[PDB]
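See structure below.
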Amino acid sequence: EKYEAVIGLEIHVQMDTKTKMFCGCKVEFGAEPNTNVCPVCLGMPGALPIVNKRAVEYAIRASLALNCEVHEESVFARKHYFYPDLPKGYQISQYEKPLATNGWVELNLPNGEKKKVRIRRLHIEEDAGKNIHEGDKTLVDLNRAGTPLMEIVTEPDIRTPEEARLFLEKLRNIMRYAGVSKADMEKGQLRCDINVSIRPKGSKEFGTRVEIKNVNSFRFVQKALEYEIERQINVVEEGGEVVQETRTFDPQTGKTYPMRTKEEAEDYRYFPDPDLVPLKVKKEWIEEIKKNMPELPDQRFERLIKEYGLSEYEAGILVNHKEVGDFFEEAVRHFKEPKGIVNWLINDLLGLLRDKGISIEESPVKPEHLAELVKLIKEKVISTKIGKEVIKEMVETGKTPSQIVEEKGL
Amino acid sequence: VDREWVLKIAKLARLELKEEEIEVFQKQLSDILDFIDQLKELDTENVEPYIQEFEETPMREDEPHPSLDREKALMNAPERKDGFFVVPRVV
Amino acid sequence: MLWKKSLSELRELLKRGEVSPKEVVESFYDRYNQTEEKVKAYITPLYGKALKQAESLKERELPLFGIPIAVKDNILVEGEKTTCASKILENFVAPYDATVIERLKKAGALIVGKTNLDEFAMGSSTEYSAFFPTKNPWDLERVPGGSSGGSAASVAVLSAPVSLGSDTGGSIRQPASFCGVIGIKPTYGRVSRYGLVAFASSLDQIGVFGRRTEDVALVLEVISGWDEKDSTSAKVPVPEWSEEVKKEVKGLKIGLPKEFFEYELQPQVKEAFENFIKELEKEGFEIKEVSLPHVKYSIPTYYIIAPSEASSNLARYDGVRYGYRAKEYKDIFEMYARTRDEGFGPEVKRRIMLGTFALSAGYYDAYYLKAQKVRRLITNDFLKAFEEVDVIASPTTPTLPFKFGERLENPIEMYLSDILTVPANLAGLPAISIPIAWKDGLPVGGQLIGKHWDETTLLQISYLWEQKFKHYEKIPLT
Ligand SMILES: [Mg+2]
Ligand SMILES: [Zn+2]
């Protein structure tokens, strides 16, 4: 191929707080419209914002986990636009003087190599609400307005659709491991807008940038990108110029479309919110969050390989799905036979639960039961053949391995 | 200052000016822009923008506060439906 | 005659049962009925509802037990309309209490009505009330000042003894001057802005009108102090002002800004002010000339900052969640733009346009950011002057109360009313206006600007001045 894809992403991550960013209303999914609502978060006259401490704490932890420099002074600014789901006429975020800067995420590529994608910024901001369309009207639920978001911006360091997806998956897993957000696109805890240009291979200048908004799964961003790169290469080689705009992606067609509305953005008239003093982050607080950081995916990966002698194939599975690793370790704790437990977990239990449609957090076979079953296999109390018969019923019923051994004779 | 200027700024501000306001606001604003253009004279390189004094940033614990009753939250609404604020459709 | 009595006179009568809360309200209600048709202080009179609330009022030891209090109609009172004297907010019923109203209610006060103002508190005369002008009780051909017009006026005629206003660039002080009444705006951060319909968040402060310094000191004590619902409110203890006004501190010093000599004053004001100072000199105040090399820049600085914050703070009036919405519109854009053009008055529209310019990228640096810098220069003048002197004095206003229509021609002529008032807001300082003379039938205010958190001293000098000069006896409208 003659060209090169230059890809950047802008991600909004919903922070798993109890409370909104600027008032004490609950953050929760699928409540009755306009019930978790305030004078503050409703943009009512006379109502004033108050910063959420935990939101701040979580956003610092996120920043560090993303290897960013966390700035001891940042400032909330008012970002102005008129839209029905935006109560104040402005969104309170950060602009010049964001919380964190100059970071990186490391990707593990499927051909063996490790790449870095830079994090340009991480800032704190609040969410708008949601519109529903019904007939000639729009109905507005402001339950989500003022929910804490981390806006994360990538340098245009991504080169490949797969890499975009792999980036998103790694971010999600960091967020989850750090414990700052659930980060599932399904519940809209994670949004992603895509920026993409193409470039003759090895060139150092940037090509014209296209923006793709509202893609809704990690799979869909790979698809949108896959198509869009082709779309742009077609244009340039036909002798045309690629035009700077925003586009949309239809999942059903797997294609990206221009917009009928030629609506230019408008100056956001940014400036510090006079209702808020600057955010001052003591160094001692950063130090404390640093010291007490939960374990992160890349760290866990090397630890399992060492502490349990797992293969890179094995550890990768247990780490990419945190709760599987969590299960494994609680099991190995009951019976210290790691090699055996990963076998029966990966090769047997996981696929059995998949088939019933049950998540590992909620499996009838508790870590104790798998450790017990593997114990009977090692101690030659039952055969592998009989072991594969009792595991099937363990999932089916919920009874202990030694329960069903006796019930059906040893 | 232009008519074009008055409309552009009105747009950003979501004010559909009536034709009488457009001419009047051309002069009045032109005058006010002259009226307030005094500050170039001063040197403000090496001056920090004003902020009220404060030792720590005021923050609040992550604890739920009783929300506003939905009835009071909606009572002032020009149009409401099934718990939702109602406006003309947006695309 | 009851409404003719001070809060000290009223309290003693209420505490010993000689009078009831209901009678007090009835008294001021009658005086209201005497005066209102001429004055027009109120948007929403609530004497009716206060009468009923009075019946259930029982604990007499509450600091404001039976006291009627008017409230500016940009401070939210729950269950009643808060209009900000705007079409865009007529029929807006307030869903919650401003923090100050909560604190007054808890103190036994009785909200007796919602007071007229310039629309969204923008103006110096009250003429910009979208409903009707309030008139000066000392000459109904004259303006009562603005934007707290009605709150000053009603305290002047004594349709209420004490009143709440707000001050962004002199909106308590200048009205106090024009209506011959005491008015204070405390240090920025002393009183919560929770429930105060925001104009300029970095400048706004609720304050108090009264006729006796103790009345003012008490209402301020009650409403002041930290509020968790307000990030800008200070975690500083409220001084016991009611016990402090009466005290006397020796060897205080008054600064007369040299740069204020160059300010065009009406001869009557000049004369009144000179006499105020001489008489203060006689009482033992040392009088010193000070420099504030940057003050002359206060007006242009203010008229960049205020309109800027105002365009931001008024972005929310949109026809979506509350208030006025235009009847005819083809899309959300028209709904927005028409609701706003139709619901906002002209002064308000002027500062919205100006604001959204001053904040626009490309001009932000030269306008808002620049102004916020000059604002620090001006603050610093004061901090340095306060090294030599304890309070800074000047006339509150360059002129006597002017006539209706006199400053509506060029909007600028309206702004020029604020030249001696805006510096205190810029520097975030407390400032009081007290009545110093009557000249050609009209009140004249003297202004004292205090150090941050030094409302005490401002109040003390106000108390001393009223003993020499009993302005609280001058009652207009018979
Ligand atoms: Mg964002
Ligand atoms: Zn809320």
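As shown in the structure tokens, the chain order sets the letters A, B, ...; within each chain, residues go from 1, and ligands are also counted from 1 in the order they appear.
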Would you kindly return, as a ChimeraX atom specification, each protein, DNA or RNA residue with an atom no farther than 12 Å from any atom of range 213-227 of chain A, considering only C-alpha atoms and excluding same-chain residues fewer than 3 positions away? /A:5-12,158-172,183-198,210,230-234,245-259
For range 38-134 of chain A versus range 293-316 of chain C, which residues have an atom no more than 12 Å away, and what is each residue's nearest atom pair and distance in Å rounded to one decimal, using only C-alpha atoms, chain-then-number order, as CSV?
residue,atom,partner,partner_atom,distance
A:40,CA,C:316,CA,11.7
A:41,CA,C:316,CA,11.7
A:42,CA,C:316,CA,9.7
A:43,CA,C:316,CA,6.5
A:44,CA,C:316,CA,7.7
A:45,CA,C:316,CA,8.0
A:46,CA,C:313,CA,9.5
A:47,CA,C:313,CA,10.5
A:48,CA,C:313,CA,11.0
A:77,CA,C:312,CA,11.3
A:78,CA,C:312,CA,8.2
A:79,CA,C:312,CA,9.4
A:80,CA,C:312,CA,7.6
A:81,CA,C:315,CA,8.5
A:82,CA,C:315,CA,7.8
A:83,CA,C:316,CA,10.1
A:84,CA,C:316,CA,10.2
A:85,CA,C:316,CA,11.5
A:86,CA,C:316,CA,8.8
A:87,CA,C:316,CA,6.3
A:88,CA,C:316,CA,4.6
A:89,CA,C:315,CA,4.7
A:90,CA,C:315,CA,7.4
A:91,CA,C:312,CA,10.8
A:92,CA,C:312,CA,11.5
Which residues form the shell of 6 Å around ligand 2 when you count only C-alpha atoms and all ligand atoms, given as a ChimeraX atom specification? /A:23-25,37-38,40-41
Preceding selection exported with C-alpha atoms as a tab-separated table (two decimals), in the first residue's frame:
chain	number	residue	atom	x	y	z
A	23	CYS	CA	-24.42	18.60	42.70
A	24	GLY	CA	-25.55	15.78	44.97
A	25	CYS	CA	-28.00	14.07	42.60
A	37	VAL	CA	-32.48	16.30	39.16
A	38	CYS	CA	-31.68	19.63	40.87
A	40	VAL	CA	-28.10	23.12	39.89
A	41	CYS	CA	-28.05	20.39	37.25
Show me which residues line ligand 1, defined as having an atom within 9 Å of a ligand atom where only C-alpha atoms and all ligand atoms count, and present them as a ChimeraX atom specification. /A:10-12,91,93,123-127,149-152
I need the residues from that last selection saved to file as a PDB file, in the first residue's frame (with N, CA, C and O atoms), if you can.
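Result written to again_29.pdb:
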ATOM      1  N   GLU A  10     -11.087  10.825  20.376  1.00  0.00           N
ATOM      2  CA  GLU A  10     -11.550  11.621  21.515  1.00  0.00           C
ATOM      3  C   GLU A  10     -12.584  10.805  22.254  1.00  0.00           C
ATOM      4  O   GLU A  10     -13.638  10.505  21.718  1.00  0.00           O
ATOM      5  N   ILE A  11     -12.268  10.462  23.488  1.00  0.00           N
ATOM      6  CA  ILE A  11     -13.065   9.539  24.272  1.00  0.00           C
ATOM      7  C   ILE A  11     -13.646  10.248  25.488  1.00  0.00           C
ATOM      8  O   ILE A  11     -12.942  10.980  26.171  1.00  0.00           O
ATOM      9  N   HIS A  12     -14.932  10.033  25.759  1.00  0.00           N
ATOM     10  CA  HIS A  12     -15.555  10.511  26.991  1.00  0.00           C
ATOM     11  C   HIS A  12     -15.893   9.322  27.861  1.00  0.00           C
ATOM     12  O   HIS A  12     -16.596   8.425  27.435  1.00  0.00           O
ATOM     13  N   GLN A  91     -21.464  24.040  28.895  1.00  0.00           N
ATOM     14  CA  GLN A  91     -20.878  22.898  29.577  1.00  0.00           C
ATOM     15  C   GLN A  91     -19.654  23.339  30.364  1.00  0.00           C
ATOM     16  O   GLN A  91     -18.809  24.069  29.853  1.00  0.00           O
ATOM     17  N   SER A  93     -16.250  22.390  31.540  1.00  0.00           N
ATOM     18  CA  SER A  93     -15.126  21.465  31.370  1.00  0.00           C
ATOM     19  C   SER A  93     -13.807  22.148  31.707  1.00  0.00           C
ATOM     20  O   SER A  93     -13.761  22.997  32.568  1.00  0.00           O
ATOM     21  N   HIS A 123      -9.014  15.761  30.627  1.00  0.00           N
ATOM     22  CA  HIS A 123      -9.729  16.738  31.472  1.00  0.00           C
ATOM     23  C   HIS A 123     -11.069  16.319  32.115  1.00  0.00           C
ATOM     24  O   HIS A 123     -11.764  15.438  31.614  1.00  0.00           O
ATOM     25  N   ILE A 124     -11.400  16.961  33.230  1.00  0.00           N
ATOM     26  CA  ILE A 124     -12.695  16.772  33.901  1.00  0.00           C
ATOM     27  C   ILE A 124     -13.790  17.644  33.301  1.00  0.00           C
ATOM     28  O   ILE A 124     -13.566  18.821  33.025  1.00  0.00           O
ATOM     29  N   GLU A 125     -14.958  17.047  33.077  1.00  0.00           N
ATOM     30  CA  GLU A 125     -16.133  17.767  32.563  1.00  0.00           C
ATOM     31  C   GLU A 125     -17.451  17.098  32.933  1.00  0.00           C
ATOM     32  O   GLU A 125     -17.481  16.007  33.473  1.00  0.00           O
ATOM     33  N   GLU A 126     -18.549  17.771  32.639  1.00  0.00           N
ATOM     34  CA  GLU A 126     -19.845  17.271  33.014  1.00  0.00           C
ATOM     35  C   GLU A 126     -20.630  16.921  31.771  1.00  0.00           C
ATOM     36  O   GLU A 126     -20.433  17.511  30.702  1.00  0.00           O
ATOM     37  N   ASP A 127     -21.532  15.949  31.928  1.00  0.00           N
ATOM     38  CA  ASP A 127     -22.338  15.457  30.830  1.00  0.00           C
ATOM     39  C   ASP A 127     -23.574  16.325  30.570  1.00  0.00           C
ATOM     40  O   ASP A 127     -24.069  17.017  31.457  1.00  0.00           O
ATOM     41  N   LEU A 149     -17.545  13.283  33.532  1.00  0.00           N
ATOM     42  CA  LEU A 149     -16.857  12.684  32.398  1.00  0.00           C
ATOM     43  C   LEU A 149     -15.368  13.005  32.463  1.00  0.00           C
ATOM     44  O   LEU A 149     -14.977  14.072  32.937  1.00  0.00           O
ATOM     45  N   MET A 150     -14.541  12.064  31.999  1.00  0.00           N
ATOM     46  CA  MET A 150     -13.146  12.356  31.706  1.00  0.00           C
ATOM     47  C   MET A 150     -13.074  12.490  30.210  1.00  0.00           C
ATOM     48  O   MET A 150     -13.461  11.579  29.514  1.00  0.00           O
ATOM     49  N   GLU A 151     -12.647  13.629  29.695  1.00  0.00           N
ATOM     50  CA  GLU A 151     -12.469  13.674  28.278  1.00  0.00           C
ATOM     51  C   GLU A 151     -11.012  13.335  28.018  1.00  0.00           C
ATOM     52  O   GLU A 151     -10.130  13.970  28.577  1.00  0.00           O
ATOM     53  N   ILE A 152     -10.769  12.315  27.189  1.00  0.00           N
ATOM     54  CA  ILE A 152      -9.422  11.815  26.875  1.00  0.00           C
ATOM     55  C   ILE A 152      -9.112  11.983  25.395  1.00  0.00           C
ATOM     56  O   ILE A 152      -9.824  11.492  24.545  1.00  0.00           O
TER      57      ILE A 152
END
Need the shell around residue 414 in chain C: protein/DNA/RNA residues with any atom at most 12 Å away, counting only C-alpha atoms. Skip same-chain ones fewer than 2 positions apart. Format as a ChimeraX atom specification? /B:32 /C:118,122-128,143,145-147,299,303,347,402-412,416-419
How about saving the chosen residues, C-alpha atoms kept, as an mmCIF file, in the first residue's frame?
data_model
loop_
_atom_site.group_PDB
_atom_site.id
_atom_site.type_symbol
_atom_site.label_atom_id
_atom_site.label_comp_id
_atom_site.auth_asym_id
_atom_site.auth_seq_id
_atom_site.Cartn_x
_atom_site.Cartn_y
_atom_site.Cartn_z
ATOM 1 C CA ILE B 32 -19.897 51.459 23.691
ATOM 2 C CA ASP C 118 -33.904 47.076 36.411
ATOM 3 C CA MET C 122 -28.749 45.818 34.801
ATOM 4 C CA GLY C 123 -29.125 49.607 35.078
ATOM 5 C CA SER C 124 -28.786 52.563 37.467
ATOM 6 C CA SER C 125 -32.368 53.959 37.691
ATOM 7 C CA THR C 126 -34.972 51.100 37.632
ATOM 8 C CA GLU C 127 -36.394 52.488 34.420
ATOM 9 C CA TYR C 128 -35.371 49.159 32.788
ATOM 10 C CA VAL C 143 -35.424 58.138 39.675
ATOM 11 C CA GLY C 145 -31.591 54.752 41.350
ATOM 12 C CA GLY C 146 -30.836 51.186 40.253
ATOM 13 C CA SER C 147 -30.852 48.350 40.028
ATOM 14 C CA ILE C 299 -15.614 51.900 34.436
ATOM 15 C CA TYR C 303 -18.194 47.314 31.378
ATOM 16 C CA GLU C 347 -30.295 46.967 28.220
ATOM 17 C CA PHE C 402 -31.753 62.677 38.070
ATOM 18 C CA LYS C 403 -34.976 62.788 36.028
ATOM 19 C CA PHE C 404 -36.787 59.974 34.202
ATOM 20 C CA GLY C 405 -35.754 59.768 30.560
ATOM 21 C CA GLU C 406 -32.579 61.744 31.261
ATOM 22 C CA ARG C 407 -30.127 58.847 30.780
ATOM 23 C CA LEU C 408 -32.093 56.634 28.365
ATOM 24 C CA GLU C 409 -30.986 58.530 25.251
ATOM 25 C CA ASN C 410 -27.369 57.212 25.152
ATOM 26 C CA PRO C 411 -26.952 53.981 27.206
ATOM 27 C CA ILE C 412 -23.499 55.338 28.140
ATOM 28 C CA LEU C 416 -21.561 57.086 34.041
ATOM 29 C CA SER C 417 -23.773 56.946 37.171
ATOM 30 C CA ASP C 418 -21.540 54.132 38.413
ATOM 31 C CA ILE C 419 -18.138 55.877 38.268
#
With 6 Å as the limit and counting only C-alpha atoms, what residues in chain B lie close to chain A? Please list them as a list in words.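 Residues passing the distance filter: residues 57, 59, 60, 61, 62, 64, 65, 67, 68, 70, 83, 84, 85, 86, 87, 88 and 89 of chain B.
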For C-alpha atoms, I'd like the residues from the last selection saved as a short mmCIF file (atom, residue, chain, number, x, y, z; two decimals), in the first residue's frame.
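File again.cif, as written:
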data_model
loop_
_atom_site.label_atom_id
_atom_site.label_comp_id
_atom_site.auth_asym_id
_atom_site.auth_seq_id
_atom_site.Cartn_x
_atom_site.Cartn_y
_atom_site.Cartn_z
CA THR B 57 -10.26 24.32 46.30
CA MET B 59 -14.93 20.33 47.20
CA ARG B 60 -17.85 18.19 48.29
CA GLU B 61 -18.11 14.53 49.39
CA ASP B 62 -19.63 11.99 46.95
CA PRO B 64 -26.42 11.78 47.43
CA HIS B 65 -28.67 14.77 48.26
CA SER B 67 -33.35 15.57 44.42
CA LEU B 68 -36.01 18.11 43.59
CA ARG B 70 -40.24 16.06 39.70
CA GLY B 83 -41.85 13.20 32.83
CA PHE B 84 -40.00 14.87 29.93
CA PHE B 85 -39.38 18.45 28.94
CA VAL B 86 -41.01 18.93 25.55
CA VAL B 87 -39.47 20.98 22.74
CA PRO B 88 -39.83 21.07 18.95
CA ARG B 89 -37.91 18.20 17.34
#
Given only C-alpha atoms, how would the per-residue table for chain C near chain A read, listing every residue at most 10 Å away with its closest atom pair and distance in Å to one decimal, sorted by chain and number, as JSON lines?
{"residue": "C:74", "atom": "CA", "partner": "A:46", "partner_atom": "CA", "distance": 8.5}
{"residue": "C:75", "atom": "CA", "partner": "A:46", "partner_atom": "CA", "distance": 7.9}
{"residue": "C:76", "atom": "CA", "partner": "A:46", "partner_atom": "CA", "distance": 7.6}
{"residue": "C:82", "atom": "CA", "partner": "A:45", "partner_atom": "CA", "distance": 9.5}
{"residue": "C:89", "atom": "CA", "partner": "A:45", "partner_atom": "CA", "distance": 9.9}
{"residue": "C:94", "atom": "CA", "partner": "A:45", "partner_atom": "CA", "distance": 9.0}
{"residue": "C:95", "atom": "CA", "partner": "A:39", "partner_atom": "CA", "distance": 8.0}
{"residue": "C:96", "atom": "CA", "partner": "A:39", "partner_atom": "CA", "distance": 8.0}
{"residue": "C:97", "atom": "CA", "partner": "A:46", "partner_atom": "CA", "distance": 9.8}
{"residue": "C:98", "atom": "CA", "partner": "A:46", "partner_atom": "CA", "distance": 7.6}
{"residue": "C:192", "atom": "CA", "partner": "A:48", "partner_atom": "CA", "distance": 9.9}
{"residue": "C:193", "atom": "CA", "partner": "A:46", "partner_atom": "CA", "distance": 7.1}
{"residue": "C:194", "atom": "CA", "partner": "A:46", "partner_atom": "CA", "distance": 5.6}
{"residue": "C:195", "atom": "CA", "partner": "A:46", "partner_atom": "CA", "distance": 4.1}
{"residue": "C:196", "atom": "CA", "partner": "A:46", "partner_atom": "CA", "distance": 4.6}
{"residue": "C:197", "atom": "CA", "partner": "A:46", "partner_atom": "CA", "distance": 4.2}
{"residue": "C:198", "atom": "CA", "partner": "A:46", "partner_atom": "CA", "distance": 5.8}
{"residue": "C:199", "atom": "CA", "partner": "A:46", "partner_atom": "CA", "distance": 9.5}
{"residue": "C:200", "atom": "CA", "partner": "A:274", "partner_atom": "CA", "distance": 8.2}
{"residue": "C:201", "atom": "CA", "partner": "A:274", "partner_atom": "CA", "distance": 5.7}
{"residue": "C:202", "atom": "CA", "partner": "A:274", "partner_atom": "CA", "distance": 5.5}
{"residue": "C:203", "atom": "CA", "partner": "A:274", "partner_atom": "CA", "distance": 9.2}
{"residue": "C:228", "atom": "CA", "partner": "A:50", "partner_atom": "CA", "distance": 8.1}
{"residue": "C:229", "atom": "CA", "partner": "A:48", "partner_atom": "CA", "distance": 6.6}
{"residue": "C:230", "atom": "CA", "partner": "A:48", "partner_atom": "CA", "distance": 5.9}
{"residue": "C:231", "atom": "CA", "partner": "A:50", "partner_atom": "CA", "distance": 6.0}
{"residue": "C:232", "atom": "CA", "partner": "A:275", "partner_atom": "CA", "distance": 6.4}
{"residue": "C:233", "atom": "CA", "partner": "A:275", "partner_atom": "CA", "distance": 9.8}
{"residue": "C:308", "atom": "CA", "partner": "A:271", "partner_atom": "CA", "distance": 9.7}
{"residue": "C:309", "atom": "CA", "partner": "A:274", "partner_atom": "CA", "distance": 7.8}
{"residue": "C:311", "atom": "CA", "partner": "A:89", "partner_atom": "CA", "distance": 10.0}
{"residue": "C:312", "atom": "CA", "partner": "A:89", "partner_atom": "CA", "distance": 7.6}
{"residue": "C:313", "atom": "CA", "partner": "A:88", "partner_atom": "CA", "distance": 7.8}
{"residue": "C:314", "atom": "CA", "partner": "A:89", "partner_atom": "CA", "distance": 8.1}
{"residue": "C:315", "atom": "CA", "partner": "A:89", "partner_atom": "CA", "distance": 4.7}
{"residue": "C:316", "atom": "CA", "partner": "A:88", "partner_atom": "CA", "distance": 4.6}
{"residue": "C:317", "atom": "CA", "partner": "A:89", "partner_atom": "CA", "distance": 8.3}
{"residue": "C:318", "atom": "CA", "partner": "A:89", "partner_atom": "CA", "distance": 8.3}
{"residue": "C:319", "atom": "CA", "partner": "A:84", "partner_atom": "CA", "distance": 9.5}
{"residue": "C:320", "atom": "CA", "partner": "A:84", "partner_atom": "CA", "distance": 6.7}
{"residue": "C:321", "atom": "CA", "partner": "A:87", "partner_atom": "CA", "distance": 7.8}
{"residue": "C:322", "atom": "CA", "partner": "A:44", "partner_atom": "CA", "distance": 8.4}
{"residue": "C:332", "atom": "CA", "partner": "A:84", "partner_atom": "CA", "distance": 8.5}
{"residue": "C:333", "atom": "CA", "partner": "A:82", "partner_atom": "CA", "distance": 8.8}
{"residue": "C:336", "atom": "CA", "partner": "A:82", "partner_atom": "CA", "distance": 8.3}
{"residue": "C:355", "atom": "CA", "partner": "A:269", "partner_atom": "CA", "distance": 9.5}
{"residue": "C:356", "atom": "CA", "partner": "A:269", "partner_atom": "CA", "distance": 7.0}
{"residue": "C:357", "atom": "CA", "partner": "A:269", "partner_atom": "CA", "distance": 8.5}
{"residue": "C:358", "atom": "CA", "partner": "A:269", "partner_atom": "CA", "distance": 8.6}
{"residue": "C:359", "atom": "CA", "partner": "A:269", "partner_atom": "CA", "distance": 5.0}
{"residue": "C:360", "atom": "CA", "partner": "A:269", "partner_atom": "CA", "distance": 4.9}
{"residue": "C:361", "atom": "CA", "partner": "A:269", "partner_atom": "CA", "distance": 6.3}
{"residue": "C:362", "atom": "CA", "partner": "A:269", "partner_atom": "CA", "distance": 9.9}
{"residue": "C:363", "atom": "CA", "partner": "A:269", "partner_atom": "CA", "distance": 9.9}
{"residue": "C:364", "atom": "CA", "partner": "A:269", "partner_atom": "CA", "distance": 8.0}
{"residue": "C:368", "atom": "CA", "partner": "A:271", "partner_atom": "CA", "distance": 8.7}
{"residue": "C:369", "atom": "CA", "partner": "A:271", "partner_atom": "CA", "distance": 8.7}
For a quick test of understanding: name the residues of chain B lying within 7 Å of chain C when counting only C-alpha atoms, and present them as a PyMOL selection string. chain B and resi 9-10+13-17+32+36+38+44+47-50+58+72+76-78+85+87-88+90
Write the residues of the preceding selection, restricted to C-alpha atoms, as a compact mmCIF listing (two decimals), in the first residue's frame.
# COMPACT_ATOMS: atom_id res chain seq x y z
CA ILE B 9 -23.12 38.24 17.21
CA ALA B 10 -26.91 38.03 17.57
CA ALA B 13 -26.38 34.73 21.27
CA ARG B 14 -29.69 33.37 19.89
CA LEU B 15 -31.43 36.72 19.52
CA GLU B 16 -33.56 37.16 16.45
CA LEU B 17 -33.25 40.92 16.18
CA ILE B 32 -19.90 51.46 23.69
CA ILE B 36 -14.54 51.10 26.73
CA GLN B 38 -9.21 52.76 27.25
CA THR B 44 -0.51 44.06 31.60
CA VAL B 47 0.07 41.02 35.50
CA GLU B 48 -1.87 37.95 36.70
CA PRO B 49 -5.63 37.99 35.87
CA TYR B 50 -7.84 38.64 38.94
CA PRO B 58 -13.78 23.88 47.85
CA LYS B 72 -41.67 21.16 41.05
CA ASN B 76 -42.56 25.86 35.10
CA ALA B 77 -42.09 23.99 31.85
CA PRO B 78 -43.70 25.53 28.75
CA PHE B 85 -39.38 18.45 28.94
CA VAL B 87 -39.47 20.98 22.74
CA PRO B 88 -39.83 21.07 18.95
CA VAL B 90 -34.12 18.54 16.79
Name the residues of range 101-298 of chain A that come out as strand (DSSP E) in a backbone DSSP run; write them as number ranges by chain. A: 101-108, 114-126, 130-134, 137-141, 148-154, 190-200, 210-213, 246-250, 255-257, 271-272, 279-280
Need the shell around residue 183 in chain C: protein/DNA/RNA residues with any atom at most 8 Å away, counting only C-alpha atoms. Skip same-chain ones fewer than 2 positions apart. Format as a list in words? residues 172, 173, 175, 176, 177, 181, 185, 207, 208, 209, 210, 216, 432, 433 and 434 of chain C
Please dump the current selection as a compact mmCIF listing (two decimals), in the first residue's frame; keep N, CA, C and O atoms.
# COMPACT_ATOMS: atom_id res chain seq x y z
N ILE C 172 -26.81 48.52 45.29
CA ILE C 172 -27.35 48.86 46.58
C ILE C 172 -27.00 50.31 46.89
O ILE C 172 -27.88 51.12 47.18
N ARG C 173 -25.71 50.64 46.79
CA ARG C 173 -25.20 51.93 47.23
C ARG C 173 -25.84 53.13 46.52
O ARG C 173 -26.28 54.07 47.16
N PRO C 175 -28.74 53.45 44.85
CA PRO C 175 -30.13 53.57 45.31
C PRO C 175 -30.23 54.13 46.73
O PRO C 175 -31.10 54.98 47.00
N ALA C 176 -29.35 53.66 47.61
CA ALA C 176 -29.33 54.14 48.98
C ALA C 176 -29.07 55.63 48.97
O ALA C 176 -29.73 56.38 49.71
N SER C 177 -28.14 56.07 48.12
CA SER C 177 -27.78 57.49 48.05
C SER C 177 -29.01 58.29 47.60
O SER C 177 -29.45 59.20 48.33
N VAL C 181 -31.20 56.73 52.21
CA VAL C 181 -31.27 55.55 53.07
C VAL C 181 -29.86 54.92 53.16
O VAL C 181 -29.01 55.18 52.29
N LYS C 185 -23.18 46.89 50.65
CA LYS C 185 -22.75 45.64 50.03
C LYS C 185 -21.47 45.12 50.67
O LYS C 185 -20.42 45.75 50.58
N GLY C 207 -26.98 42.44 49.49
CA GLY C 207 -26.74 43.39 50.58
C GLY C 207 -28.04 43.91 51.17
O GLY C 207 -29.12 43.41 50.85
N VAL C 208 -27.93 44.94 52.00
CA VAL C 208 -29.03 45.36 52.86
C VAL C 208 -29.30 46.87 52.82
O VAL C 208 -28.37 47.67 52.80
N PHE C 209 -30.59 47.24 52.79
CA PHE C 209 -31.00 48.64 53.01
C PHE C 209 -31.68 48.77 54.34
O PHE C 209 -32.42 47.88 54.74
N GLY C 210 -31.45 49.90 54.99
CA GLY C 210 -32.11 50.29 56.24
C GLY C 210 -32.01 51.80 56.49
O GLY C 210 -31.41 52.57 55.68
N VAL C 216 -29.51 47.63 59.71
CA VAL C 216 -28.66 47.12 58.64
C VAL C 216 -27.66 46.09 59.16
O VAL C 216 -27.50 45.03 58.58
N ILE C 432 -20.20 51.04 51.81
CA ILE C 432 -21.48 51.49 52.34
C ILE C 432 -21.81 52.86 51.78
O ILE C 432 -20.91 53.67 51.54
N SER C 433 -23.11 53.10 51.55
CA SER C 433 -23.60 54.45 51.23
C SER C 433 -24.49 54.94 52.36
O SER C 433 -25.49 54.29 52.69
N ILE C 434 -24.12 56.07 52.97
CA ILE C 434 -24.93 56.66 54.03
C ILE C 434 -25.34 58.07 53.66
O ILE C 434 -24.60 58.77 52.95
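Between CA of residue 54 in chain C and CA of residue 15 in chain C there is a distance of 14.4 Å.
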So that I can check the surroundings of residue 346 in chain A, please list as number ranges by chain every protein, DNA and RNA residue that reaches within 10 Å of it, counting only C-alpha atoms and ignoring chain neighbours fewer than 5 positions away. A: 314, 317-318, 324, 328, 341, 351-352
Who sits within 7 Å of range 104-113 of chain A, only C-alpha atoms, same chain under 3 positions skipped, as a ChimeraX atom specification: /A:66-67,116-119,166-167
Which of these, A:361, A:350, A:97, A:338, has the shortest distance to residue 326 in chain A once you count only C-alpha atoms?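 Closest residue, counting only C-alpha atoms: A:361.
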